[PDB]
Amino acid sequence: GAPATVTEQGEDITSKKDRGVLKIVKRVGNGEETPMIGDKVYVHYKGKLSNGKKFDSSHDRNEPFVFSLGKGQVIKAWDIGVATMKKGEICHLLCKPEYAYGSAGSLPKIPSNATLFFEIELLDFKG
C-alpha cells in the first residue's frame, strides 16, 4: 500500500534520524518557500491508522484544516512534516507512535502504540 511505499522509499525527516517520520512527496509544490514557526497553515488531509481501523478526512467535512505551525497544536509528526512543505505540495507521511500519540494513545480514535499514515496537501500559509 501507500504506508509500505513510504517505509521503503520515504525520506527520514526527523532531527534524531530514528525513522519516526517518513515522507514522500506525491505532488511538487510551487517555488521554494516553506512555512515558519507560528505561521497559520491551511491544509487538506486524509489520515488513517496504518493497519486501517480508522479514517479521517478534512474533505469529508468540506473544511480546510487550519493550525499554527510549530506550537504543539498538532502531533509532532505534523509540526515536523508540514514545515517541509511548499505551497501546493502534496506529501505522504508515515508517523511512528513517538511522533504521534505514543503509549497513551487517545480515546476513542487512537489505540496505544499506533503508527499513523497521512496524505497532506498544503493549500496556503501566512505569518
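Just so we're on the same page, rigid core means the largest C-alpha set that superposes within 1.5 Å between forms. The first residue of the shown sequence is 1; numbering continues from there.
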> Do the Cα atoms of 26-34 stray more than those of 83-91 in 4 other deposited structures of this protein, or is it the other way round, with the core held fixed?
Replying inline: 26-34
>> Which of the two stretches, 99-107 versus 113-121, has its Cα atoms farther on average from this form in 4 other deposited structures of this protein when everything is superposed by the rigid core?
In response: 99-107
> Which has higher Cα B-factors on average according to the PDB entry: 117-125 or 3-11?
Replying inline: 3-11
> With respect to the recorded C-alpha B factors, which stretch has the higher mean value, 46-54 or 61-69?
Replying inline: 46-54
> Taking the Cα B-factors listed in the entry, which of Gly88, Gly31, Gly81, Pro35 comes out highest?
Replying inline: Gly31
